[PDB]
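Engineer: Input file: input_4.cif. Contents: mmCIF, N, CA and C atoms.
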data_structure
#
loop_
_atom_site.label_atom_id
_atom_site.label_comp_id
_atom_site.auth_asym_id
_atom_site.auth_seq_id
_atom_site.Cartn_x
_atom_site.Cartn_y
_atom_site.Cartn_z
N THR A 1 30.14 87.00 209.97
CA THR A 1 30.32 86.99 208.50
C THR A 1 29.60 88.18 207.83
N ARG A 2 29.22 89.23 208.58
CA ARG A 2 28.76 90.48 207.92
C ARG A 2 29.96 91.14 207.19
N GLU A 3 31.08 91.16 207.89
CA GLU A 3 32.32 91.68 207.35
C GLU A 3 32.82 90.79 206.20
N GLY A 4 32.59 89.48 206.30
CA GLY A 4 32.93 88.49 205.26
C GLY A 4 32.04 88.59 204.01
N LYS A 5 30.74 88.79 204.23
CA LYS A 5 29.79 89.00 203.15
C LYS A 5 30.11 90.31 202.44
N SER A 6 30.40 91.33 203.25
CA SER A 6 30.74 92.66 202.75
C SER A 6 32.02 92.66 201.92
N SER A 7 33.04 91.95 202.38
CA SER A 7 34.31 91.96 201.67
C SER A 7 34.25 91.12 200.37
N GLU A 8 33.54 90.00 200.42
CA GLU A 8 33.26 89.21 199.23
C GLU A 8 32.58 90.09 198.18
N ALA A 9 31.66 90.94 198.63
CA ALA A 9 30.90 91.81 197.71
C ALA A 9 31.77 92.92 197.14
N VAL A 10 32.71 93.44 197.93
CA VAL A 10 33.69 94.40 197.42
C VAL A 10 34.60 93.73 196.36
N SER A 11 35.08 92.51 196.61
CA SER A 11 35.91 91.77 195.64
C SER A 11 35.20 91.44 194.34
N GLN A 12 33.94 91.05 194.43
CA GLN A 12 33.19 90.70 193.22
C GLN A 12 32.92 91.93 192.39
N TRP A 13 32.68 93.04 193.08
CA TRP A 13 32.51 94.30 192.38
C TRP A 13 33.76 94.68 191.56
N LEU A 14 34.93 94.63 192.20
CA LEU A 14 36.20 94.96 191.56
C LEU A 14 36.57 94.00 190.43
N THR A 15 36.22 92.74 190.63
CA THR A 15 36.58 91.69 189.71
C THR A 15 35.92 91.87 188.38
N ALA A 16 34.68 92.38 188.41
CA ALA A 16 33.87 92.58 187.20
C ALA A 16 34.42 93.66 186.29
N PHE A 17 35.28 94.54 186.80
CA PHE A 17 36.04 95.43 185.90
C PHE A 17 37.54 95.24 186.05
N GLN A 18 37.93 94.04 186.49
CA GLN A 18 39.31 93.62 186.45
C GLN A 18 40.28 94.45 187.27
N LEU A 19 39.85 94.96 188.42
CA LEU A 19 40.78 95.63 189.33
C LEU A 19 40.76 94.99 190.73
N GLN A 20 40.44 93.70 190.76
CA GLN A 20 40.44 92.93 192.00
C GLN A 20 41.76 93.01 192.74
N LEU A 21 42.82 93.47 192.06
CA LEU A 21 44.12 93.65 192.73
C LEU A 21 44.11 94.66 193.90
N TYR A 22 43.15 95.59 193.88
CA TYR A 22 42.95 96.52 194.99
C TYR A 22 42.06 95.98 196.12
N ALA A 23 41.53 94.77 195.98
CA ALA A 23 40.65 94.24 197.02
C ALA A 23 41.23 94.43 198.40
N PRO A 24 42.52 94.08 198.61
CA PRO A 24 43.04 94.21 199.96
C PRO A 24 43.13 95.62 200.43
N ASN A 25 43.33 96.56 199.50
CA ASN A 25 43.38 97.98 199.84
C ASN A 25 42.06 98.41 200.46
N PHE A 26 40.96 98.01 199.82
CA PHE A 26 39.65 98.42 200.29
C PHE A 26 39.26 97.68 201.56
N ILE A 27 39.55 96.38 201.59
CA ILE A 27 39.03 95.51 202.65
C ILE A 27 39.77 95.76 203.95
N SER A 28 41.10 95.87 203.88
CA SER A 28 41.91 96.17 205.07
C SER A 28 41.56 97.50 205.68
N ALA A 29 40.99 98.41 204.89
CA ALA A 29 40.60 99.76 205.36
C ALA A 29 39.14 99.78 205.84
N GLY A 30 38.48 98.65 205.73
CA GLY A 30 37.15 98.51 206.22
C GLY A 30 36.13 99.15 205.31
N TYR A 31 36.44 99.31 204.04
CA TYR A 31 35.43 99.81 203.11
C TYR A 31 34.39 98.74 202.76
N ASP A 32 33.12 99.13 202.75
CA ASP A 32 32.06 98.30 202.16
C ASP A 32 31.47 99.05 200.98
N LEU A 33 30.62 98.40 200.20
CA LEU A 33 30.09 99.06 199.02
C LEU A 33 29.36 100.37 199.34
N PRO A 34 28.55 100.41 200.40
CA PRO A 34 27.91 101.67 200.70
C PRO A 34 28.86 102.86 200.86
N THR A 35 29.94 102.66 201.60
CA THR A 35 30.91 103.70 201.84
C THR A 35 31.66 103.97 200.57
N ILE A 36 31.92 102.93 199.80
CA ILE A 36 32.66 103.05 198.56
C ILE A 36 31.86 103.91 197.57
N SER A 37 30.54 103.72 197.51
CA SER A 37 29.70 104.56 196.64
C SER A 37 29.87 106.07 196.85
N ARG A 38 30.35 106.47 198.03
CA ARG A 38 30.56 107.89 198.35
C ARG A 38 32.00 108.36 198.37
N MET A 39 32.95 107.51 197.98
CA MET A 39 34.34 107.88 197.86
C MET A 39 34.62 108.91 196.79
N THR A 40 35.60 109.74 197.09
CA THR A 40 36.12 110.72 196.19
C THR A 40 37.48 110.21 195.73
N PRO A 41 38.02 110.80 194.68
CA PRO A 41 39.33 110.40 194.23
C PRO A 41 40.43 110.48 195.29
N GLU A 42 40.39 111.46 196.17
CA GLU A 42 41.35 111.59 197.24
C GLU A 42 41.25 110.38 198.21
N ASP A 43 40.05 109.83 198.33
CA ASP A 43 39.83 108.71 199.24
C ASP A 43 40.47 107.48 198.65
N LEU A 44 40.43 107.40 197.32
CA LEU A 44 41.10 106.31 196.60
C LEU A 44 42.59 106.42 196.74
N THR A 45 43.09 107.60 196.52
CA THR A 45 44.53 107.84 196.68
C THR A 45 45.01 107.44 198.08
N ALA A 46 44.28 107.84 199.11
CA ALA A 46 44.63 107.50 200.50
C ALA A 46 44.67 105.98 200.79
N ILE A 47 43.91 105.16 200.07
CA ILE A 47 44.07 103.71 200.27
C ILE A 47 45.07 103.04 199.32
N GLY A 48 45.88 103.83 198.63
CA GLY A 48 46.88 103.27 197.75
C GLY A 48 46.51 103.11 196.30
N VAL A 49 45.36 103.64 195.87
CA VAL A 49 45.06 103.72 194.43
C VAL A 49 45.63 105.01 193.81
N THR A 50 46.88 104.95 193.35
CA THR A 50 47.64 106.13 192.93
C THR A 50 47.86 106.26 191.42
N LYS A 51 47.80 105.16 190.70
CA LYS A 51 47.98 105.22 189.27
C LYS A 51 46.75 105.83 188.65
N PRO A 52 46.92 106.89 187.86
CA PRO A 52 45.74 107.66 187.41
C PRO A 52 44.71 106.89 186.59
N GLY A 53 45.14 105.95 185.78
CA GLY A 53 44.20 105.16 185.02
C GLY A 53 43.35 104.25 185.90
N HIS A 54 43.96 103.65 186.91
CA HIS A 54 43.18 102.85 187.87
C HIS A 54 42.25 103.74 188.68
N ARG A 55 42.76 104.87 189.14
CA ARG A 55 41.97 105.74 189.97
C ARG A 55 40.77 106.25 189.21
N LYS A 56 40.97 106.59 187.93
CA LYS A 56 39.85 107.10 187.10
C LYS A 56 38.84 106.03 186.71
N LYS A 57 39.31 104.81 186.52
CA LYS A 57 38.45 103.69 186.23
C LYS A 57 37.50 103.42 187.42
N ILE A 58 38.10 103.28 188.59
CA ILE A 58 37.35 103.08 189.83
C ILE A 58 36.32 104.21 190.09
N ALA A 59 36.78 105.47 190.00
CA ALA A 59 35.94 106.67 190.11
C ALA A 59 34.74 106.58 189.16
N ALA A 60 34.95 106.05 187.95
CA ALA A 60 33.88 105.99 186.96
C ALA A 60 32.87 104.91 187.36
N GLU A 61 33.38 103.77 187.84
CA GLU A 61 32.57 102.69 188.35
C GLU A 61 31.84 103.07 189.62
N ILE A 62 32.43 103.88 190.47
CA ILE A 62 31.72 104.26 191.68
C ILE A 62 30.53 105.14 191.29
N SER A 63 30.69 106.03 190.33
CA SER A 63 29.57 106.87 189.94
C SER A 63 28.44 106.03 189.43
N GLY A 64 28.76 104.88 188.81
CA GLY A 64 27.73 103.93 188.36
C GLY A 64 27.15 102.99 189.42
N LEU A 65 27.69 102.98 190.64
CA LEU A 65 27.16 102.09 191.66
C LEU A 65 25.73 102.51 191.97
N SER A 66 24.81 101.55 192.03
CA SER A 66 23.46 101.85 192.51
C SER A 66 23.22 100.97 193.72
N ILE A 67 23.21 101.57 194.89
CA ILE A 67 22.93 100.77 196.06
C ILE A 67 21.89 101.47 196.96
N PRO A 68 21.10 100.66 197.69
CA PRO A 68 20.02 101.20 198.45
C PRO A 68 20.50 102.14 199.56
N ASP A 69 19.64 103.07 199.94
CA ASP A 69 19.98 103.99 200.98
C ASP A 69 20.20 103.26 202.31
N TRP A 70 21.17 103.77 203.05
CA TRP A 70 21.67 103.12 204.23
C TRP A 70 21.96 104.12 205.37
N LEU A 71 22.14 105.40 205.06
CA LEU A 71 22.22 106.41 206.10
C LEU A 71 20.88 106.56 206.75
N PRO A 72 20.85 106.73 208.07
CA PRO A 72 19.59 106.95 208.72
C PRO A 72 19.09 108.31 208.29
N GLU A 73 17.78 108.49 208.15
CA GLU A 73 17.23 109.76 207.69
C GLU A 73 16.68 110.66 208.81
N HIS A 74 16.98 110.29 210.04
CA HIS A 74 16.55 111.02 211.22
C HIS A 74 17.68 110.93 212.25
N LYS A 75 17.65 111.82 213.24
CA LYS A 75 18.57 111.79 214.39
C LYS A 75 18.16 110.65 215.33
N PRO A 76 18.97 109.58 215.42
CA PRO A 76 18.46 108.43 216.23
C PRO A 76 18.44 108.73 217.70
N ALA A 77 17.83 107.82 218.46
CA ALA A 77 17.61 108.05 219.91
C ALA A 77 18.93 108.11 220.75
N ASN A 78 19.96 107.44 220.28
CA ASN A 78 21.22 107.38 221.02
C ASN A 78 22.35 106.84 220.18
N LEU A 79 23.55 107.00 220.71
CA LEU A 79 24.78 106.62 220.06
C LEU A 79 24.80 105.16 219.69
N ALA A 80 24.36 104.30 220.62
CA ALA A 80 24.43 102.86 220.44
C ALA A 80 23.60 102.46 219.22
N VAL A 81 22.43 103.11 219.12
CA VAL A 81 21.43 102.75 218.09
C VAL A 81 21.93 103.23 216.75
N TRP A 82 22.55 104.40 216.78
CA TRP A 82 23.11 105.03 215.59
C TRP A 82 24.29 104.24 215.03
N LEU A 83 25.25 103.91 215.86
CA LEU A 83 26.33 103.01 215.44
C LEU A 83 25.84 101.68 214.91
N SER A 84 24.84 101.13 215.55
CA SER A 84 24.29 99.88 215.10
C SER A 84 23.67 99.96 213.71
N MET A 85 22.89 101.02 213.44
CA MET A 85 22.34 101.24 212.08
C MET A 85 23.43 101.34 211.02
N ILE A 86 24.57 101.94 211.34
CA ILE A 86 25.59 102.13 210.31
C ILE A 86 26.67 101.01 210.29
N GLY A 87 26.46 99.95 211.05
CA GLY A 87 27.40 98.84 211.06
C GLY A 87 28.73 99.06 211.79
N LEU A 88 28.79 99.99 212.75
CA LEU A 88 30.03 100.29 213.47
C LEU A 88 29.90 100.21 215.00
N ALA A 89 29.07 99.29 215.46
CA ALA A 89 28.85 99.07 216.90
C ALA A 89 30.12 98.91 217.74
N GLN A 90 31.17 98.38 217.12
CA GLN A 90 32.44 98.05 217.80
C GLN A 90 33.20 99.30 218.34
N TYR A 91 32.94 100.49 217.79
CA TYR A 91 33.58 101.74 218.25
C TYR A 91 32.83 102.44 219.38
N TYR A 92 31.77 101.82 219.91
CA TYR A 92 30.94 102.44 220.93
C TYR A 92 31.74 102.87 222.18
N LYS A 93 32.46 101.91 222.72
CA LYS A 93 33.23 102.07 223.95
C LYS A 93 34.28 103.21 223.80
N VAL A 94 35.06 103.14 222.74
CA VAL A 94 36.14 104.10 222.54
C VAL A 94 35.52 105.48 222.34
N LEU A 95 34.36 105.53 221.70
CA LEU A 95 33.70 106.82 221.51
C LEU A 95 33.27 107.40 222.86
N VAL A 96 32.68 106.56 223.71
CA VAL A 96 32.15 106.98 225.01
C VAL A 96 33.25 107.35 225.99
N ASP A 97 34.29 106.53 226.04
CA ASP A 97 35.44 106.77 226.87
C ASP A 97 36.19 108.07 226.49
N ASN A 98 35.99 108.57 225.28
CA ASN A 98 36.73 109.75 224.82
C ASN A 98 35.90 111.02 224.77
N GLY A 99 34.68 110.93 225.26
CA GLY A 99 33.88 112.10 225.44
C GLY A 99 32.89 112.32 224.33
N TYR A 100 32.60 111.28 223.56
CA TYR A 100 31.60 111.41 222.51
C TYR A 100 30.42 110.50 222.81
N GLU A 101 29.79 110.72 223.95
CA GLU A 101 28.88 109.73 224.51
C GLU A 101 27.42 109.92 224.16
N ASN A 102 27.09 111.02 223.48
CA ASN A 102 25.74 111.16 222.96
C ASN A 102 25.75 111.74 221.55
N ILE A 103 24.63 111.56 220.86
CA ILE A 103 24.46 111.91 219.48
C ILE A 103 24.85 113.35 219.19
N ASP A 104 24.43 114.27 220.05
CA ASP A 104 24.78 115.70 219.89
C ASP A 104 26.29 115.97 219.82
N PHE A 105 27.05 115.37 220.73
CA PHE A 105 28.49 115.55 220.71
C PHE A 105 29.08 114.90 219.47
N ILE A 106 28.57 113.74 219.08
CA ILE A 106 29.16 113.03 217.93
C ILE A 106 29.00 113.82 216.64
N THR A 107 27.95 114.67 216.55
CA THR A 107 27.66 115.49 215.37
C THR A 107 28.77 116.51 215.06
N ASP A 108 29.60 116.86 216.04
CA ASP A 108 30.69 117.82 215.81
C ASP A 108 32.04 117.20 215.55
N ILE A 109 32.13 115.87 215.64
CA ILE A 109 33.40 115.18 215.50
C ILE A 109 33.95 115.38 214.06
N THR A 110 35.28 115.36 213.91
CA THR A 110 35.96 115.50 212.62
C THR A 110 36.86 114.29 212.39
N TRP A 111 37.33 114.17 211.16
CA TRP A 111 38.25 113.12 210.76
C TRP A 111 39.44 113.10 211.71
N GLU A 112 40.02 114.26 211.94
CA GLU A 112 41.17 114.38 212.82
C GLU A 112 40.87 113.87 214.22
N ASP A 113 39.64 114.05 214.70
CA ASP A 113 39.30 113.58 216.05
C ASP A 113 39.30 112.06 216.14
N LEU A 114 38.99 111.42 215.01
CA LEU A 114 38.87 109.97 214.93
C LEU A 114 40.25 109.42 215.00
N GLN A 115 41.09 109.95 214.15
CA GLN A 115 42.49 109.53 214.08
C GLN A 115 43.08 109.53 215.47
N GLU A 116 42.93 110.64 216.18
CA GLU A 116 43.50 110.76 217.51
C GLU A 116 43.09 109.66 218.46
N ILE A 117 41.84 109.21 218.42
CA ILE A 117 41.35 108.33 219.51
C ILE A 117 41.45 106.87 219.14
N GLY A 118 42.02 106.58 217.97
CA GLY A 118 42.26 105.21 217.55
C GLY A 118 41.34 104.64 216.49
N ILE A 119 40.45 105.44 215.90
CA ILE A 119 39.63 104.96 214.76
C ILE A 119 40.40 105.42 213.54
N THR A 120 41.25 104.51 213.04
CA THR A 120 42.27 104.81 212.03
C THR A 120 42.00 104.14 210.68
N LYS A 121 41.08 103.19 210.64
CA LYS A 121 40.76 102.56 209.39
C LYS A 121 39.98 103.51 208.56
N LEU A 122 40.53 103.81 207.39
CA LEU A 122 40.04 104.86 206.51
C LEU A 122 38.61 104.64 206.08
N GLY A 123 38.28 103.41 205.78
CA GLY A 123 36.91 103.10 205.41
C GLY A 123 35.91 103.31 206.54
N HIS A 124 36.32 103.01 207.76
CA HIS A 124 35.45 103.20 208.91
C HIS A 124 35.42 104.66 209.25
N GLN A 125 36.54 105.34 209.08
CA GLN A 125 36.55 106.76 209.29
C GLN A 125 35.60 107.43 208.27
N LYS A 126 35.65 107.00 207.01
CA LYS A 126 34.78 107.57 206.00
C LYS A 126 33.34 107.34 206.29
N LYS A 127 32.98 106.12 206.70
CA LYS A 127 31.58 105.83 206.96
C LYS A 127 31.05 106.65 208.18
N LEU A 128 31.82 106.62 209.28
CA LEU A 128 31.47 107.45 210.40
C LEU A 128 31.21 108.87 209.94
N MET A 129 32.15 109.45 209.18
CA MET A 129 32.03 110.85 208.78
C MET A 129 30.88 111.12 207.84
N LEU A 130 30.55 110.19 206.95
CA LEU A 130 29.36 110.36 206.11
C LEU A 130 28.11 110.43 206.99
N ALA A 131 28.06 109.56 208.00
CA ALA A 131 26.94 109.52 208.95
C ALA A 131 26.88 110.78 209.80
N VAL A 132 28.03 111.27 210.21
CA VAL A 132 28.12 112.47 211.00
C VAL A 132 27.65 113.71 210.22
N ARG A 133 27.96 113.80 208.94
CA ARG A 133 27.50 114.93 208.13
C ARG A 133 26.02 114.88 207.87
N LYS A 134 25.49 113.67 207.85
CA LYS A 134 24.03 113.52 207.71
C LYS A 134 23.36 114.08 208.98
N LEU A 135 23.88 113.71 210.13
CA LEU A 135 23.42 114.31 211.39
C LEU A 135 23.53 115.82 211.38
N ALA A 136 24.65 116.37 210.92
CA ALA A 136 24.86 117.83 210.93
C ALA A 136 23.89 118.56 210.00
N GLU A 137 23.53 117.95 208.88
CA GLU A 137 22.53 118.52 207.97
C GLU A 137 21.13 118.50 208.63
N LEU A 138 20.80 117.38 209.26
CA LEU A 138 19.53 117.29 209.99
C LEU A 138 19.49 118.38 211.06
N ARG A 139 20.56 118.52 211.80
CA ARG A 139 20.59 119.51 212.87
C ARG A 139 20.52 120.93 212.30
N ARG A 140 21.28 121.16 211.24
CA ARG A 140 21.27 122.43 210.56
C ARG A 140 19.89 122.80 209.96
N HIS A 141 19.12 121.84 209.43
CA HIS A 141 17.78 122.16 208.90
C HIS A 141 16.64 122.20 209.94
N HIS A 142 16.90 121.68 211.14
CA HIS A 142 15.85 121.38 212.12
C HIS A 142 14.91 122.54 212.47
N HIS A 143 15.43 123.75 212.63
CA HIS A 143 14.55 124.89 212.95
C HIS A 143 13.99 125.63 211.71
N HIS A 144 14.29 125.10 210.52
CA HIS A 144 14.00 125.77 209.25
C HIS A 144 13.00 124.99 208.36
N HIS A 145 12.03 124.35 209.02
CA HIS A 145 11.00 123.59 208.38
C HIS A 145 9.70 124.30 208.64
N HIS A 146 9.24 125.04 207.65
CA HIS A 146 7.98 125.73 207.75
C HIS A 146 7.10 125.51 206.50
#
Would you kindly transcribe this structure into structure tokens?
Structural biologist:
Amino acid sequence: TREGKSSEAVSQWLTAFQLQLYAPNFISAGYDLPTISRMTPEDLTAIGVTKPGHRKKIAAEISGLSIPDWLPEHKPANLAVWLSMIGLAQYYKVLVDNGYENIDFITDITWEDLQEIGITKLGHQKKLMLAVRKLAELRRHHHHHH
């Protein structure tokens, strides 16, 4: 019921500004509030939010979301631990079987790479990619701390 608690929370959020009609769009794509807080308008369009007034309303509400930090702030010890912190433990096997078996390799993965190997849910793709860019920034700053 983590996924159940999460989806209830996505519905209650939408309901409070009367756009609960998109609940299935977000939930079927595996969006949770944390990932939703980082959506762009194109991400809304990709889940079927195409009417400009709805898309702009949602965009305005997302900018107002205040939710606690959830991205890890360090390069974790391994893939398993990293997936577990971000709530995506279920993709471990498919990631490993496809050649993304350690944190270093996962840092270079792209949206297109996910699509190819069967991680097709847009919300999960978004969350993975937000986490991956956090890793890439850590890696990019690592030798530049003086």
Engineer: The PyMOL selection byres ((chain A and resi 20-34) around 7) on the file shown: which residues, as a compact mmCIF listing (two decimals) with N, CA and C atoms, keeping the file's coordinate frame?
Structural biologist:
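Once everything was written out, this is out36.txt:
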# COMPACT_ATOMS: atom_id res chain seq x y z
N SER A 6 30.40 91.33 203.25
CA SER A 6 30.74 92.66 202.75
C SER A 6 32.02 92.66 201.92
N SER A 7 33.04 91.95 202.38
CA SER A 7 34.31 91.96 201.67
C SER A 7 34.25 91.12 200.37
N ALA A 9 31.66 90.94 198.63
CA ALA A 9 30.90 91.81 197.71
C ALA A 9 31.77 92.92 197.14
N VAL A 10 32.71 93.44 197.93
CA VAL A 10 33.69 94.40 197.42
C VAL A 10 34.60 93.73 196.36
N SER A 11 35.08 92.51 196.61
CA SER A 11 35.91 91.77 195.64
C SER A 11 35.20 91.44 194.34
N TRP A 13 32.68 93.04 193.08
CA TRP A 13 32.51 94.30 192.38
C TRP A 13 33.76 94.68 191.56
N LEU A 14 34.93 94.63 192.20
CA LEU A 14 36.20 94.96 191.56
C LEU A 14 36.57 94.00 190.43
N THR A 15 36.22 92.74 190.63
CA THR A 15 36.58 91.69 189.71
C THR A 15 35.92 91.87 188.38
N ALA A 16 34.68 92.38 188.41
CA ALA A 16 33.87 92.58 187.20
C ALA A 16 34.42 93.66 186.29
N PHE A 17 35.28 94.54 186.80
CA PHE A 17 36.04 95.43 185.90
C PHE A 17 37.54 95.24 186.05
N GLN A 18 37.93 94.04 186.49
CA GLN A 18 39.31 93.62 186.45
C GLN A 18 40.28 94.45 187.27
N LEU A 19 39.85 94.96 188.42
CA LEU A 19 40.78 95.63 189.33
C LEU A 19 40.76 94.99 190.73
N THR A 35 29.94 102.66 201.60
CA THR A 35 30.91 103.70 201.84
C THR A 35 31.66 103.97 200.57
N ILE A 36 31.92 102.93 199.80
CA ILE A 36 32.66 103.05 198.56
C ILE A 36 31.86 103.91 197.57
N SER A 37 30.54 103.72 197.51
CA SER A 37 29.70 104.56 196.64
C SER A 37 29.87 106.07 196.85
N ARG A 38 30.35 106.47 198.03
CA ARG A 38 30.56 107.89 198.35
C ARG A 38 32.00 108.36 198.37
N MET A 39 32.95 107.51 197.98
CA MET A 39 34.34 107.88 197.86
C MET A 39 34.62 108.91 196.79
N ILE A 47 43.91 105.16 200.07
CA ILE A 47 44.07 103.71 200.27
C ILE A 47 45.07 103.04 199.32
N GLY A 48 45.88 103.83 198.63
CA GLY A 48 46.88 103.27 197.75
C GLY A 48 46.51 103.11 196.30
N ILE A 67 23.21 101.57 194.89
CA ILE A 67 22.93 100.77 196.06
C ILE A 67 21.89 101.47 196.96
N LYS A 121 41.08 103.19 210.64
CA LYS A 121 40.76 102.56 209.39
C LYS A 121 39.98 103.51 208.56
N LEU A 122 40.53 103.81 207.39
CA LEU A 122 40.04 104.86 206.51
C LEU A 122 38.61 104.64 206.08
N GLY A 123 38.28 103.41 205.78
CA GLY A 123 36.91 103.10 205.41
C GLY A 123 35.91 103.31 206.54
N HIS A 124 36.32 103.01 207.76
CA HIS A 124 35.45 103.20 208.91
C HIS A 124 35.42 104.66 209.25
N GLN A 125 36.54 105.34 209.08
CA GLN A 125 36.55 106.76 209.29
C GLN A 125 35.60 107.43 208.27
Engineer: Please run DSSP on the backbone and report, as number ranges by chain, all residues within segment 4-125 of chain A that come out as helix (DSSP H, G or I).
Structural biologist: A: 4-15, 20-28, 33-36, 41-46, 52-63, 79-85, 89-97, 103-106, 111-117, 122-125
Engineer: For segment 132-135 of chain A, please output as a tab-separated table (two decimals) with N, CA and C atoms, keeping the file's coordinate frame all residues within 6 Å (counting all atoms listed in the file; exclusion window: fewer than 4 positions along the same chain).
Structural biologist:
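That gives us part-v8.tsv:
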chain	number	residue	atom	x	y	z
A	106	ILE	N	28.57	113.74	219.08
A	106	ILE	CA	29.16	113.03	217.93
A	106	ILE	C	29.00	113.82	216.64
A	107	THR	N	27.95	114.67	216.55
A	107	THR	CA	27.66	115.49	215.37
A	107	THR	C	28.77	116.51	215.06
A	127	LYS	N	32.98	106.12	206.70
A	127	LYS	CA	31.58	105.83	206.96
A	127	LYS	C	31.05	106.65	208.18
A	128	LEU	N	31.82	106.62	209.28
A	128	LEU	CA	31.47	107.45	210.40
A	128	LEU	C	31.21	108.87	209.94
A	139	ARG	N	20.56	118.52	211.80
A	139	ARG	CA	20.59	119.51	212.87
A	139	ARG	C	20.52	120.93	212.30
A	140	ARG	N	21.28	121.16	211.24
A	140	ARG	CA	21.27	122.43	210.56
A	140	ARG	C	19.89	122.80	209.96
Engineer: Return the single residue from A:44, A:130, A:58, A:80 that is closest to residue 92 of chain A, with distances computed using only N, CA and C atoms.
Structural biologist: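 Under the stated criterion, the closest residue is A:80.
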Engineer: Under the PyMOL selection byres ((chain A and resi 86) around 8), which residues of this model are included? Write them out as a PyMOL selection string.
Structural biologist: chain A and resi 70-72+80-85+87-89+127-128+131
Engineer: Between atom N of residue 96 of chain A and atom C of residue 117 of chain A, what is the distance in Å, rounded to a tenth?
Structural biologist: 9.9 Å
Engineer: Please, what distance in Å, to one decimal, runs between atom CA of residue 63 of chain A and atom CA of residue 51 of chain A?
Structural biologist: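 Computing it gives 18.5 Å between the two atoms.
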Engineer: Give the answer as one residue: which of A:41, A:141, A:109, A:12 has the shortest atom-to-atom distance to residue 53 of chain A, using only C-alpha atoms?
Structural biologist: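 Among the listed residues, the smallest separation from residue 53 of chain A belongs to A:41.
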Engineer: Pick the closest to residue 42 of chain A from A:126, A:146, A:137, A:94: which is it, counting only C-alpha atoms?
Structural biologist: A:126
Engineer: Between A:77, A:136, A:46, A:60, which one has atoms that come closest to residue 110 of chain A, using only C-alpha atoms?
Structural biologist: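 Using only C-alpha atoms, residue 110 of chain A sits closest to A:136.
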Engineer: What are the centre and the three edge lengths of an axis-aligned box that wraps all atoms of segment 35-44 of chain A in the file, given that 3 Å is added to every side, written as JSON and rounded to one decimal in Å?
Structural biologist:
{"center_x": 36.1, "center_y": 107.1, "center_z": 198.0, "size_x": 18.9, "size_y": 14.9, "size_z": 13.6}
Engineer: Rounded to one decimal, what separation in Å do you get between atom CA of residue 118 of chain A and atom CA of residue 8 of chain A?
Structural biologist: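 Computing it gives 25.9 Å between the two atoms.
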Engineer: Missing atoms in segment 32-42 of chain A should be modelled up to N, CA, C and O atoms and reported as a CSV table (one decimal), in the coordinates of the input.
Structural biologist:
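Listed below is the output, part.csv:
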chain,number,residue,atom,x,y,z
A,32,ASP,N,33.1,99.1,202.8
A,32,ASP,CA,32.1,98.3,202.2
A,32,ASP,C,31.5,99.0,201.0
A,32,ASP,O,31.7,100.2,200.8
A,33,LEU,N,30.6,98.4,200.2
A,33,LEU,CA,30.1,99.1,199.0
A,33,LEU,C,29.4,100.4,199.3
A,33,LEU,O,29.5,101.4,198.6
A,34,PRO,N,28.6,100.4,200.4
A,34,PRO,CA,27.9,101.7,200.7
A,34,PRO,C,28.9,102.9,200.9
A,34,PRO,O,28.6,104.0,200.3
A,35,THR,N,29.9,102.7,201.6
A,35,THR,CA,30.9,103.7,201.8
A,35,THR,C,31.7,104.0,200.6
A,35,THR,O,31.9,105.1,200.2
A,36,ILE,N,31.9,102.9,199.8
A,36,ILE,CA,32.7,103.0,198.6
A,36,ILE,C,31.9,103.9,197.6
A,36,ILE,O,32.4,104.7,196.9
A,37,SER,N,30.5,103.7,197.5
A,37,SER,CA,29.7,104.6,196.6
A,37,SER,C,29.9,106.1,196.8
A,37,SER,O,29.6,106.9,196.0
A,38,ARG,N,30.4,106.5,198.0
A,38,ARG,CA,30.6,107.9,198.4
A,38,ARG,C,32.0,108.4,198.4
A,38,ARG,O,32.2,109.5,198.7
A,39,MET,N,33.0,107.5,198.0
A,39,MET,CA,34.3,107.9,197.9
A,39,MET,C,34.6,108.9,196.8
A,39,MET,O,34.0,108.9,195.7
A,40,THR,N,35.6,109.7,197.1
A,40,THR,CA,36.1,110.7,196.2
A,40,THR,C,37.5,110.2,195.7
A,40,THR,O,38.0,109.3,196.3
A,41,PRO,N,38.0,110.8,194.7
A,41,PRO,CA,39.3,110.4,194.2
A,41,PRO,C,40.4,110.5,195.3
A,41,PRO,O,41.4,109.7,195.2
A,42,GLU,N,40.4,111.5,196.2
A,42,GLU,CA,41.4,111.6,197.2
A,42,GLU,C,41.2,110.4,198.2
A,42,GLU,O,42.2,110.0,198.9
